[PDB]
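**Student:** My questions all concern the structure below.
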Protein chains: 2
Amino acid sequence: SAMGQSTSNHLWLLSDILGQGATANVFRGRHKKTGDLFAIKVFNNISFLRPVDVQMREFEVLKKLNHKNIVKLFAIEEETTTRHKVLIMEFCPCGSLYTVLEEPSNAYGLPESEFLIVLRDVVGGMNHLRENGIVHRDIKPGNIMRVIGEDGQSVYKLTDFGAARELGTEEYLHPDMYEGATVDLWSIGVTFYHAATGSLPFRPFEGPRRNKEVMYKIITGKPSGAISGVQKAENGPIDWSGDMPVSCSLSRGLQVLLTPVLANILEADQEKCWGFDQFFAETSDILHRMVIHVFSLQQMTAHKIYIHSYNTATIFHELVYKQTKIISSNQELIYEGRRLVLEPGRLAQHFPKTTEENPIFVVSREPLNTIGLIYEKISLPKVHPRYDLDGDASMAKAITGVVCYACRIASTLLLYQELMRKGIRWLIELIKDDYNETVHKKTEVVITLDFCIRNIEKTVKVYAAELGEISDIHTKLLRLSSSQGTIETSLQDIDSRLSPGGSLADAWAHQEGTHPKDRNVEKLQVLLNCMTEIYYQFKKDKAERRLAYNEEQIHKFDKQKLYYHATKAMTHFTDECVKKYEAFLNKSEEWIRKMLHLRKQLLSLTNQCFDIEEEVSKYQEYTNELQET
Amino acid sequence: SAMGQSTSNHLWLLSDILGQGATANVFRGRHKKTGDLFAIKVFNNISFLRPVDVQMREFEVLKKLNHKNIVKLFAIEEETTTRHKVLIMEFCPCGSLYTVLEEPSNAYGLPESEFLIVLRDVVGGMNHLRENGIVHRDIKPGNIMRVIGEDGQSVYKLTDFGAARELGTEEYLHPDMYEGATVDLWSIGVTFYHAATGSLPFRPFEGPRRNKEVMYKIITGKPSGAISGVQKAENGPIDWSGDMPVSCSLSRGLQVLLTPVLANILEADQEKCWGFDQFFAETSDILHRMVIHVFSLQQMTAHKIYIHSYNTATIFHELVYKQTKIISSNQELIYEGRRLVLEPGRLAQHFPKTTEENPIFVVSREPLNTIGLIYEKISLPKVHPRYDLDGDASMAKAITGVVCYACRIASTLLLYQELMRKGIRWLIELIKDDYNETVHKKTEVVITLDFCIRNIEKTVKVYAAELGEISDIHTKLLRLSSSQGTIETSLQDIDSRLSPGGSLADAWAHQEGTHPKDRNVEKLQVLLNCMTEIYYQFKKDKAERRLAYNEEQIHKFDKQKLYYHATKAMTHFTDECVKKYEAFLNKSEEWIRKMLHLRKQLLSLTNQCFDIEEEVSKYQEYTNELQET
Ligand SMILES: C[C@H](c1ccnc(Nc2nc3cc(-c4cnn(CC5CC5)c4)ccc3[nH]2)c1)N1CCN(C(=O)CC(F)(F)F)CC1
Ligand SMILES: C[C@H](c1ccnc(Nc2nc3cc(-c4cnn(CC5CC5)c4)ccc3[nH]2)c1)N1CCN(C(=O)CC(F)(F)F)CC1
């Protein structure tokens, strides 16, 4: 609060330090005459190599470089006393992407919505910089900034471009840049992996330590089309995977599109790997797609259908098939309480409106095993009695990061449970429709038919071999009523199963699982906030490096409470949320097997009324259709 | 950070001061051996009147007084050096009710959900204190504390009871306690009014100033059953109202129950006013009721039906009538895409599940004017160039408090708009059901009838006055088909109106109003946060009382920006949100008048098929039913 420098138009305190980096420091400053905030880049240690003409010249390139995803540099001024050239750039009050991924909530990846904002803005800004000539080659979470836009959605903005000429990140380097129009895209892929996963792609046991010799051959291994390599044992083996982890909170839909992107931008051989034209073309296709939410009611899973607005419904059903393994012919739909039917020519933009809360359910005639929600079972890390400032800040992010996953799963399981409740509720009312639709198609036959047998008796009453022909029509016309008598009665068996108290009651949906009234996701978040506030204090205590005795005891009580919250919340997640979800899931399995049976019985009954409907119209035309002069 | 006292087991810093009050100060403290937080009440200025036996004795009453809504007093200790008896009480980390109502969001009352938490806990705690003998007589927002419970919902907890024996709030006093089992309930009513409204019940122009002489006759006026009295002009007149204001963000449903409570606990005459037995009985009835959400689609209004879980559906329809003015016979229902039908005996607990997002729509045969949403049109207060610390903190709460209302209305209008969209979408599909239901009831007649005229021609073909009787049955049997030909064709007029592109298209719902994609409520909240952060800084600057030159200029730039945000958000509210809501509302008026017409035409057509359905079964029984030996 006492010391800090100033220039002709701007000023800044020295405690107000945002950034750090060998060429320069970045400070939160304010324009004098207006009081408006800017980021202020001061160049310490600059005195050996400052060329007036060149350095000033290239800044005028960036001066007028306007774009949504580029951190604007407003003016280049000189400092009053030290005669240091200072840069006046946009103050992005939210920090950087790294700042984001440090929040425990993002320990296992960003939210799907937020991840696409990153992809859109990172790819969009960079494409703009290449168009104007500039290159970056160093896209890192920490040099991608963030502002909350006017609509409340984030807007990411890149900086730190074009400084490699004058004079990047060790965790984001290429198989030949360890010890070039494509080399930029490796660091990109590493970033896009990190944002989706929550952790980096390639990692040894000790990490990027003095024992970072492992990392080079991990990076240069380039196996198959793999995207990650992780050795979980000291001096151990490097497990490869060309797929995202289970902890990844990203839709299956998107993963199937993102995996090829990252796989083909994370390679060594130059002629094999993609180029910014290929890459910018492929990422566009992702971001130009709309998302249709399809809940596969039969298998208790939720999906995101990443379809193009111009794509035909014939493609949509193929897409769904790739995720639900249901055939386009068998795929049935329900929407807002009513069977939905989809002509193949229809475009995706003219589908109904969907959300996770209210999606398009998918039913089938054929049976399907019910997988349920498929999540990663992560146990709590270790809370040690050691007093360590840096390893308690490290632990606090982890342990809380797990509870965020446990509180994430807890809510999705409830969405599933309540979506199943909803989808099942309509289905029974929609199967009840078919039993009541058949009754009217039955009277269409039984009344006409049992009036026709009276008419054949009315024919012999008014006006021999031909009398023997009449009784033959009469008996076989009463033989229709014999199978008609059975069909009417075995239909009333479905009446019982469907009607309240019967065999297909949804009574269980309401009294087996967990509910929004249970407030179990709200319950957890309470403890989550306790844990997260401790994490940020432990983050701050990391910065202080030394601590008073009174504070020391505090951070020793609070760390002990950070475990009690964690285990308190964890017992509640498994012994209440999970268990009662499993109980609801298992009970759901039986209703689906039981309901599918009804849906093949009720059909036969109907596909039979259609047949004795044919045989009455055909034979109310036998003697009624004879001739004479 | 330098000075603060301690006792045998607890300790506290002196800067860590939570409360203030002539007998004692309250500080945030911590138990030494555990590090656990408590509220610590230290008694300064106590030396004239401390009686050892009595004072210590009565604390042992409160020592073991356990209840959910009572701030527990754990131990009574003595301070090490000054020998001052110190109280160790529960630390309620959320502050008090007053703290809550100071947030600009609550400038025009608490949220409905939150208000009931207050009612429940205030009435529940107090009833418990009366049962054990203790009285309060001083229930004020500031001496009602708040904690976030384990389920995340608030839990309010009262303190400051039983100190009037040893030795309350001027804004919460009774017509005889200005210059007693019921007198407590006035301060209650004042509180419950304040929580619902956002402002106090009775107020002069200058307020509780040196010119507080007005306030006594306002309070003692006790007109009719009024609940508020406000003079808006200096030396002016006191406007009375026995009803809540429009700015009140509480359901009409609840207001109709709360107004009698407050009206009968805000009086002077003792024999006229309620008692805690009457009062605790009446408030229970409110809190034991469940809320059914009914959206009166026809009049574009949303309602909360405060019904008892044991009440019959015959009562429910009467309740709705009190709010929608729709008759129980005419009231029609729709739920999750399907007509809902309600037997009178059914209990409220066995109704379907409702939310504001997904409620029970109400349609009618009779017409109704469409009121729309009915809100208070509040203009921004005045931003003066005066530099005033206390009047800029005052202004900042106000101006931001209006924008919270404007951002509140903005969201409700969207709920309405999207609920109308949804309710209309089902209704057209549910009227389409009736046109397609009639066709099958039409074939039931036209096929049988146009097969019967062939049979009367088939009768004269096989086997005079009786021939002249046949042709008379024949012509009048073809006279049924004459009105049948018109009915089939004028039905296809409804086919066009209903079918896409027709006269009853919902095409407009999708392209006239505002949408969740417009992100207009998100847009506002962005500016709202800018304004609110300034408000809290201006609240903090109020406490400092003097300011540095650099800070002075800051608070002069930031105040100027607090207006620009406010007017920026306001233009967007009216010129975008309101206007496009009005446009959607006006267009809705026409579709309802147009759709109601169809619903009386399609019925007649059907109430006519029922009639030529009667006349065919009756006359396929004339000559078909003759006799002879
Ligand atoms: C958490 C958020 C934050 C954190 C980190 N960065 C930013 N915001 C930001 N960081 C920027 C960096 C650049 C930038 C441009 N080039 N480079 C290169 C060099 C890094 C190597 C960096 C440009 C704009 C930038 N905006 C904001 N803060 C901002 C307000 N808070 C302060 O002010 C702290 C004080 F009081 F202590 F100051 C505390 C809360
Ligand atoms: C905003 C919230 C707050 C504000 C006001 N009160 C409480 N909490 C609280 N207030 C209480 C009062 C009583 C109480 C009991 N009797 N009486 C009678 C006397 C009032 C006349 C009062 C009991 C428990 C109480 N809990 C919490 N704070 C708490 C943590 N923060 C500090 O600590 C500030 C520091 F660092 F500066 F300290 C800053 C954030």
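The chains in the structure tokens are called A, B, ... from first to last as shown; in each chain the residues are counted from 1, and the ligands are counted from 1 in the order shown.
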Taking the DSSP assignment computed from this structure's backbone, write out as a list in words all residues of region 259-434 of chain A that belong to strand (DSSP E).
**Tutor:**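 Residues of region 259-434 of chain A classed as strand (DSSP E): residues 289, 290, 291, 292, 293, 294, 295, 296, 301, 302, 303, 304, 305, 306, 307, 308, 332, 333, 334, 335, 338, 339, 340, 360, 361, 362 and 363 of chain A.
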**Student:** Which residues are near region 97-105 of chain B? Cut-off 9 Å, only C-alpha atoms, ignore same chain within fewer than 5 positions. Put them as JSON, numbers by chain.
**Tutor:** {"B": [110, 118, 140, 141, 142, 143, 144, 145, 146, 156, 194, 195, 198, 199, 396, 397, 398, 399, 400, 401, 402, 403, 404, 405, 532, 535]}
**Student:** Residues of chain A within 8 Å of chain B, counting only C-alpha atoms - could you list those as a PyMOL selection string?
**Tutor:** chain A and resi 34-35+150-152+336-338+444+463+519-520+522-526+553-554+557
**Student:** Create the file for the chosen residues now, containing C-alpha atoms and written as a JSON list (two decimals), in the first residue's frame.
**Tutor:**
[["chain", "number", "residue", "atom", "x", "y", "z"],
["A", 34, "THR", "CA", -10.57, 7.79, -15.43],
["A", 35, "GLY", "CA", -9.92, 5.23, -12.68],
["A", 150, "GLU", "CA", -22.01, -9.42, -21.26],
["A", 151, "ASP", "CA", -24.25, -12.51, -21.44],
["A", 152, "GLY", "CA", -22.50, -14.04, -18.41],
["A", 336, "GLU", "CA", -43.59, -34.32, -23.23],
["A", 337, "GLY", "CA", -45.93, -37.20, -22.48],
["A", 338, "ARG", "CA", -46.61, -38.35, -26.03],
["A", 444, "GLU", "CA", -66.02, -52.41, -34.12],
["A", 463, "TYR", "CA", -88.50, -66.28, -46.74],
["A", 519, "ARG", "CA", -31.85, -32.89, -0.36],
["A", 520, "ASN", "CA", -28.83, -35.17, -0.55],
["A", 522, "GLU", "CA", -27.70, -29.96, -1.17],
["A", 523, "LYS", "CA", -26.55, -31.79, 1.96],
["A", 524, "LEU", "CA", -23.18, -32.65, 0.40],
["A", 525, "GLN", "CA", -22.48, -29.18, -1.03],
["A", 526, "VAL", "CA", -22.73, -27.84, 2.52],
["A", 553, "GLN", "CA", -2.60, -24.58, 15.42],
["A", 554, "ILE", "CA", -5.52, -23.32, 13.33],
["A", 557, "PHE", "CA", -7.30, -28.11, 13.48]]
**Student:** Report, in Å to a single decimal, how far apart CA of residue 315 (chain A) and CA of residue 343 (chain A) are.
**Tutor:**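 Answer for the CA of residue 343 (chain A) to CA of residue 315 (chain A) separation: 11.3 Å.
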**Student:** I want to know what sits within 12 Å of residue 571 (chain A), based on only C-alpha atoms, with residues of the same chain fewer than 4 positions away left out; could you give that as number ranges by chain?
**Tutor:** A: 379-380, 403, 406-407, 520, 524, 564-567, 575-579
**Student:** Find the spatial neighbours of region 15-19 of chain B, counting only C-alpha atoms, within a cut-off of 8 Å - ignore same-chain residues fewer than 5 positions away - and output them as a count of residues only.
**Tutor:** 8
